[PDB]
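Each remark here refers to the structure printed beneath this line.
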Amino acid sequence: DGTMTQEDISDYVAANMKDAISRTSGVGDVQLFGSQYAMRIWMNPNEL
Amino acid sequence: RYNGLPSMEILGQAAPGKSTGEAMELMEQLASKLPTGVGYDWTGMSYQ
């Protein structure tokens with residue numbers, strides 16, 4: 001429905017689905033095809 | 001926390017005469033009427 005970007009979907013998956021799946025019966029390892037959100041601080045050297 | 005999510009454990013029993021399965025179904029029925037984003041699970045003796 002065009003409400004979430006890829007980045008968004010990946011954070012949703014990382015933050016709400018991956019841990020449960022990874023503890024599910026018979027599941028060995030789980031690879032996330034994307035990345036959870038972090039608080040990103042993008043520094044500007046000029047302003048520093 | 002339960003299975004990694006914030007939770008609150010609730011205990012109770014079947015009213016005199018009625019069965020545990022009956023009471024659980026009711027609880028599930030009541031739980032389906034809760035605000036958006038609130039789920040439930042059974043644990044311990046009720047998992048069993």
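All values below come from the heavy atoms of this structure, side chains included, with hydrogens, waters and symmetry mates left out. Convention: sequence-line order gives letters A, B, ...; per-chain numbering from 1.
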Interatomic distance, A:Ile9 atom CD1 to A:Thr3 atom OG1 [nearest 0.5 angstrom]: 8.5 Å

Separation between OH of B:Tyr40 and CD1 of B:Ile10, rounded to the nearest 0.5 Å: 12.5 Å

Least distance between heavy atoms, A:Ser10 atom then A:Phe33 atom: OG-O, 3.8 Å

Considering all heavy atoms, the nearest A:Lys18-A:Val30 contact: CE-O, 3.7 Å

From OG (B:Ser19) to CD (B:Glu25), nearest 0.5 Å: 9.0 Å

Contact summary for A:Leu32 and A:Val13, nearest pair of heavy atoms: CD1-CG1, 3.9 Å

Spacing of A:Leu48 atom CG and A:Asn46 atom CG [to the nearest 0.5 Å]: 9.0 Å

Nearest atoms (heavy-atom pairs only) where A:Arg23 meets B:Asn3: NH1-O, 3.3 Å

A:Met17, CE atom: more than 12 neighbouring heavy atoms under 6.0 Å: no

Gap between atom CE of A:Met4 and atom OH of A:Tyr12 - 0.5 Å precision: 8.0 Å

Atom CD of B:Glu22: over 12 foreign heavy atoms under 6.0 Å: yes

Nearest atoms (heavy-atom pairs only) where A:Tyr37 meets A:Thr5: OH-OG1, 4.4 Å

Over 12 foreign heavy atoms within 6.0 Å of CD, B:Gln13: no

Closest heavy-atom pair and its distance - B:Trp42, B:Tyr2: O-OH, 3.8 Å

